[PDB]
Every structure is written in structure tokens, then in C-alpha cells.
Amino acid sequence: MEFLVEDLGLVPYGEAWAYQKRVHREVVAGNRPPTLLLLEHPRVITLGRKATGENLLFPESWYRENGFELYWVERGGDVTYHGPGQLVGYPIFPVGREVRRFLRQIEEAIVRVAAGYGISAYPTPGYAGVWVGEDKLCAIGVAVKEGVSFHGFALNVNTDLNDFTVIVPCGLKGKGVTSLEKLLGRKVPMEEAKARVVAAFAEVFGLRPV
């Protein structure tokens, strides 16, 4: 009937990943409620299940020389970028076998957040993530182990969208990327975006936030 929200603020990817895994273990064990981690990462590129070297425009070494961290991970999707101004959410929830349903719920929550800003967003029939017209507002890529989810979503709030140009996702997609800031012509407070995300998750999942 409840979910726990933890706002970790700005956390390096590697230690945040270790934290995800510890949170996941507790939820698997039934010793922690379904938990939504909300956070930001310093500039980082992650390469998921479907990722290869073609997803990086420059050599790997270029990225580390130019202020990115880079990691290979086991979430769905190929390459993505996280950085300051992007609200990263890791719902570590006991989803069981119904992963597609879970993805649709994350999508729905994000669509609600966008609607709250007067923005019409949609999952799209054909592209992973949540889109506003031809531009991706929120990336989504999860993993599930022992019936509990990890990884999650990355909502562009005040993201430096220019940082996406150096990665080259593959497969079906729209044309670009967007953020609440770009759509609204001004920065949106991160604290507010977090609150709206929490409210949307509470509504979609039918759970009370603690």
C-alpha cells in the first residue's frame, strides 16, 4: 500500500549503482518497501544490453578526457546519457513477471508529469521512452532480477541537451531530444520535478508515498 521515496541528490554513477543493488537486495528479501530513488548523476554514458562501440561517436577515451564517466550495464536499451539537470529515477519495485506492464506504468507516470506542465507527451507506439512530438523527453531502460526492478528512467528537466549529440543510439527513434526547460523556455526547479514525479507514481501505482 506504500512506496518509499529517497532523494539522493547528486551522486556519482558507480556508487549510486552499488546503492541500487543494495536496495534491490532488501526489496527482494521483503525487508524494505518498494522504493523510488530520485537523483542526478554527474555526466555519464551508460551502455546497456543492446549497446556496441558504434553507439559512441568518438573513441571511449575521448569521453573520459572530456568529462564523462562511461559504464557497461545490464538494463534494456543501448546507449544513454545522464548528467546534471536530468532527473534520474530508479523504481526498485517487486514487479514479478509483468515487466511490460511496469514499463507502461513508468511511461504513464511521466506522461502525467508532462501534462502537469501543459505538455502533451506520449510513449509512442514504436519508440522506447516518452516523447513530445519528435523529441525524446524521458529515456526508460530497466532491468529485473528476482522479480524486482532496477535502473529506471531519466527525465530531462534542465539537462544540457547538447551532450546527447556525442552518442549514437540505434534502431527506431524520432529526431531529437528535449527537456522541460527547452519546452518551457526556462529552467524548472529540480525539487518541483521530483515532487511531481512522486505524485504521478503515487497515482499510477495506487500507492501512498512515504
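The first residue of the shown sequence is 1; numbering continues from there.
With respect to the recorded C-alpha B factors, which stretch has the higher mean value, 80-88 or 93-101? Averaging CA B-factors over each stretch, the winner is 93-101.
Where do the C-alpha atoms have the higher mean temperature factor in this entry, in 69-77 or in 121-129? In the deposited entry, the stretch with the higher C-alpha B-factor mean is 69-77.
Out of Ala51, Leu161, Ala154, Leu37, highest CA B-factor residue: That would be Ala51, according to the entry.
Which has the highest CA B-factor per the PDB entry: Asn55, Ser179, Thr165, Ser149? Top of the list by C-alpha B-factor: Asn55.
Within this chain's modelled residues, let me know which third the CA B factor of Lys175 belongs to: lowest, middle or highest. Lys175: CA B-factor falls in the highest third of its chain.
Split the chain's modelled residues into thirds by Cα B-factor; is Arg64 in the lowest, middle or highest one? Ranked within chain, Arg64 CA B lands in the highest tercile.
Based on the entry's values, in what third of the chain does the Cα temperature factor of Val11 lie: lowest, middle or highest? Its C-alpha B-factor belongs to the middle third of this chain's values.
Cα B factor band for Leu47 (lowest, middle or highest third within the chain): Its C-alpha B-factor belongs to the highest third of this chain's values.
Would you mind ranking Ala200 by its C-alpha B-factor against the rest of the chain and naming the third, lowest, middle or highest? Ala200: CA B-factor falls in the middle third of its chain.
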